[PDB]
Protein chains: 2
Amino acid sequence: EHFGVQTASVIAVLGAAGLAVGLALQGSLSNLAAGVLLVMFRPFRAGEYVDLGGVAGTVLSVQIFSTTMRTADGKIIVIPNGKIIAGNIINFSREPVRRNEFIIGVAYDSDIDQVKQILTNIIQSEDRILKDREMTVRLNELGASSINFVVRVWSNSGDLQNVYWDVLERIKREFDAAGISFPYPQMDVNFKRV
Amino acid sequence: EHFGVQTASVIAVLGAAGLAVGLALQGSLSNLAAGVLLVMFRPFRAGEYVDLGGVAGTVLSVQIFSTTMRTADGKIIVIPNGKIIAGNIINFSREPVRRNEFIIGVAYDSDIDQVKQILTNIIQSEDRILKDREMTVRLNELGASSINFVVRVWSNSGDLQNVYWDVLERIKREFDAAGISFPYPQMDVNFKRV
Ligand SMILES: CCCCCCCCCCCC
Ligand SMILES: CCCCCCCCCCCC
């Protein structure tokens with residue numbers, strides 16, 4: 001507003017260039033805004049295992065335009081912040097306690113009471129399974145070749161996979177020793193010709 | 001702004017032509033901006049194996065409007081930069097260390113302790129498997145006809161496939177010699193007529 005030979009000769013071009021860039025760079029501003037929101041509102045922090053639209057992995061850092069997370073295998077993934085904000089964010093390592101689910105399929109002949117008692121004994125003897133939570137051991141479904149039970153136990157988000165593996169191995173050992181048998185796919189074949 | 005018979009007689013047409021081209025060429029400017037961003041921010045460099053929206057292959061070079069990557073087979077692929085930026089970029093060769101996963105399915109009768117000891121011995125004897133990382137060998141699932149273990153070992157991104165092949169061959173050899181048996185699909189057939 002002071003001189004027309006100092007900025008008008010350059011503003012007439014700078015404004016048009018900026019408008020053209022914004023029109024072409026609209027995605028850039030969208031990503032920048034999404035990143036600013038992600039820094040302000042923290043759905044996930046660095047080092048938190050998250051799943052962003054079917055791409056799960058540990059989050060490394062939220063940058064200006066994209067956030068890079070290292071998956072379990074070890075491959076780096078870069079996701080624009082716009083789609084991260086526009087989609088659902090599943091945070092695996094937010095709640096301190098998570099739940100394990102087992103599906104043990106025993107044969108039909110297997111006694112229900114014995115199986116439930118064995119599963120309850122296995123669940124209780126584990127000190128990493130929170131007792132104040134719900135420990136469910138009940139028959140769930142009558143499968144094609146085996147009735148499968150469901151075991152649900154809550155454990156700290158840290159020692160969850162270890163609890164799962166230990167419980168599964170102990171279940172197999174006890175069932176093998178106790179007498180319960182895991183059945184192979186059973187087929188009933190009938191004959192009509194010698 | 002100096003003469004109306006020098007540029008006005010041509011600007012009135014040049015501006016309209018440029019506007020029409022930009023309207024028709026909007027994708028061209030979008031691709032150019034995406035390419036500029038890819039050169040500035042480097043999610044992937046030339047010679048880095050990447051996966052861009054379900055199209056994996058070594059990246060050759062980022063051009064003005066598209067980047068050509070040569071897949072594993074040897075076929076060249078050209079992808080506009082706009083969709084490259086708008087999508088997720090998985091970088092396989094960014095982290096120096098990556099993880100291998102094995103799924104060995106042994107028969108139910110196979111002893112768990114012997115199988116785990118054999119797998120651990122195989123894992124440790126390999127000098128290309130990083131010891132400071134996590135070497136997981138534990139029973140993972142009770143399959144329909146075979147309990148399958150999971151082996152996870154970290155190795156340098158360079159000698160990863162070679163490690164996988166060597167470990168798999170050694171596993172087969174030891175299991176064949178040790179006594180462990182890989183089971184064929186087992187079916188339990190019952191009879192109700194002679
Ligand atoms: C464009 C509107 C922005 C509104 C910002 C709300 C403030 C959020 C702060 C939350 C702190 C945990
Ligand atoms: C349209 C906004 C462009 C912002 C450019 C940010 C600078 C990035 C430089 C990164 C160097 C590694």
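In what follows, every heavy atom counts, from backbone to side chain, and hydrogens, waters and symmetry copies are set aside. Below, read A as the first sequence line, B as the second, and so on, with proteins coming before strands; counting in each chain starts at 1.
- Under the 4.5 Å side-chain heavy-atom criterion for grouping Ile, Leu, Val, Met, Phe, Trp and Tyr, B:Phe102 is not connected to B:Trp154 through any hydrophobic cluster.
- B:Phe191 meets the ring-ring contact (aromatic ring centres under 6.0 Å, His included) test with A:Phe191; sequence neighbours excluded.
- Every side-chain hydrogen bond (donor to acceptor under 3.5 Å, both in side chains) that B:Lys172 has, sequence neighbours left out, goes to B:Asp176.
- Residues satisfying the salt bridge (charged side-chain N to carboxylate O under 4.0 Å, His left out) test with B:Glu141, not counting sequence neighbours, are none.
- Linking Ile, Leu, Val, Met, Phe, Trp and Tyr residues whenever their side-chain heavy atoms come within less than 4.5 Å leaves B:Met135 and B:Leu160 in two separate clusters.
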Under 3.5 Å, which donor-acceptor pairs do the side chains of residues 16-36 of chain A form with other protein atoms, sequence neighbours left out?
unit_1: A:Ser30; atom_1: OG; unit_2: A:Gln26; atom_2: O; d: 2.9
unit_1: A:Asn31; atom_1: OD1; unit_2: A:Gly82; atom_2: N; d: 3.4
unit_1: A:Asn31; atom_1: ND2; unit_2: A:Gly27; atom_2: O; d: 3.3

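- A:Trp165 has its side chain within reach of B:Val150: a pair of non-hydrogen atoms, C-beta onward, lies under 4.5 Å apart.
- The minimum heavy-atom distance between B:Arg45 and B:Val59, with the atom names listed, is O-CB, 4.0 Å.
- Grouping the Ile, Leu, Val, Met, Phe, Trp and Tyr side chains by contacts below 4.5 angstrom, directly or via other members, places A:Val163 with B:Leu142.
- Classified by interplanar angle (parallel below 30°, tilted 30° to 60°, perpendicular above 60°), the ring pair A:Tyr49/A:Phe92 is perpendicular.
- Considering only residues two or more places apart in sequence or on other chains, A:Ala86 meets the side-chain contact (heavy atoms from CB on, under 4.5 Å) condition with none of them.
- Judged as a salt bridge (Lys or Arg N to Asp or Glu O under 4.0 Å), the pairs with a partner in residues 83-99 of chain B (not counting sequence neighbours) are, in order, A:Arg70-B:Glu95, B:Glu48-B:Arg94, B:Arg99-B:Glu101.
- For B:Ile64, the CD1 atom sits in a loose shell: 12 or fewer heavy atoms of surrounding residues, nucleotides or ligands are nearer than 6.0 Å.
- Remark: A:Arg42 CZ is loosely packed, at most 12 non-hydrogen atoms of other residues, nucleotides or ligands lying under 6.0 Å away.
- B:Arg138 meets the salt bridge (charged side-chain N to carboxylate O under 4.0 Å, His left out) test with A:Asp166; sequence neighbours excluded.
- Residues satisfying the ring-ring contact (aromatic ring centres under 6.0 Å, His included) test with A:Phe149, not counting sequence neighbours, are none.
- Other residues, nucleotides and ligands contribute over 12 non-hydrogen atoms within 6.0 Å of the CG atom of A:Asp132.
- The heavy-atom pair separating A:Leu60 from A:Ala46 by the smallest distance is O-CB, 3.5 Å.
- When all heavy atoms of B:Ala144 and A:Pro185 are compared, the pair lying nearest together is O-CD, 4.0 Å.
- A donor-acceptor distance shorter than 3.5 angstrom exists from the side chain of A:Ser110 to the backbone of A:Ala107, with no hydrogens or angles considered.
- Here the closest heavy-atom approach between residue B:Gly87 and residue A:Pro80 is recorded as O-CD, 3.6 Å.
- Taking 4.5 Å as the limit, every side-chain heavy atom of A:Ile77 sits out of range of all side-chain heavy atoms of B:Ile89.
- More than 12 heavy atoms of other residues, nucleotides or ligands sit less than 6.0 Å from atom CD of B:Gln161.
- Contact annotation: the side chain of A:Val78 never approaches that of B:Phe44 to less than 4.5 Å [non-hydrogen atoms, C-beta and beyond].
- Partners of B:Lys116 under the salt bridge (charged side-chain N to carboxylate O under 4.0 Å, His left out) rule, at least two apart in sequence or in another chain, are A:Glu169.
- Considering only residues two or more places apart in sequence or on other chains, B:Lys75 meets the salt bridge (charged side-chain N to carboxylate O under 4.0 Å, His left out) condition with none of them.
- Under a hydrophobic clustering in which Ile, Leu, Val, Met, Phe, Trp and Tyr are joined whenever their side-chain heavy atoms come within less than 4.5 Å, directly or via other members, A:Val97 and A:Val153 fall into different clusters.
- Listed by chain and number, the residues in a side-chain hydrogen bond (donor to acceptor under 3.5 Å, both in side chains) with A:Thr67 amount to none (sequence neighbours excluded).
- For B:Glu126, the side-chain hydrogen bond (donor to acceptor under 3.5 Å, both in side chains) test picks out B:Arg128, with sequence neighbours left out.
- Scanning both residues, A:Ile104 and A:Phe175, for their nearest heavy atoms gives CG2-CE2, 3.4 Å.
- For the pair B:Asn81 and B:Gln63, the tightest heavy-atom approach, listed with the atom from each and the gap, is ND2-O, 3.3 Å.
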